[PDB]
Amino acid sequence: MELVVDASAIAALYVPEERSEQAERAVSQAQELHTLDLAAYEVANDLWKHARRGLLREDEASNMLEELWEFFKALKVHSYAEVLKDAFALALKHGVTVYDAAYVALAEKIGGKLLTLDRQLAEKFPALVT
């Protein structure tokens, strides 16, 4: 099983975090983890929000961003060129953002599934989500 992990899924893995048994089994059993270039910015941005809200010290958030960087080396990172056209058509059809549609496009492309903690996304693509 090829497994796409979006930004919410990476956030739960790259540092110690609580995860459903379901999430863990998917990651555990995957042949390989895949994501998009996009996820790097999305995870980093969520880290920025946490810092500015006073939940992380600035040096602590900077250290975590190093860890994210190191985590990304264990991922197969795909580019926008591979999915952009499919992502847009999926966004138009299903009424989800191109950002979200992109991960679904990628799961389809690699013949795999998507792990997302986004329940709303997960409901729109039952055949593609774990």
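Numbers follow the displayed sequence, beginning with 1.
Participant: Please work out which of 24-32 and 78-86 has the higher mean CA B-factor as recorded in the PDB entry.
Facilitator: Between 24-32 and 78-86, it is 24-32.
Participant: Look over 57-65 and 33-41 in the entry and identify the one with the greater average Cα temperature factor.
Facilitator: The stretch with the larger average C-alpha B-factor is 57-65.
Participant: Between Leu121, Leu115, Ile10, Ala107, where does the Cα B-factor run highest in the record?
Facilitator: Highest C-alpha B-factor among the listed options: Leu121.
Participant: C-alpha B factor of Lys93, ranked within the chain: lowest, middle or highest third?
Facilitator: For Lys93, whose C-alpha B-factor we compare with every modelled residue in the chain, the answer is the highest third.
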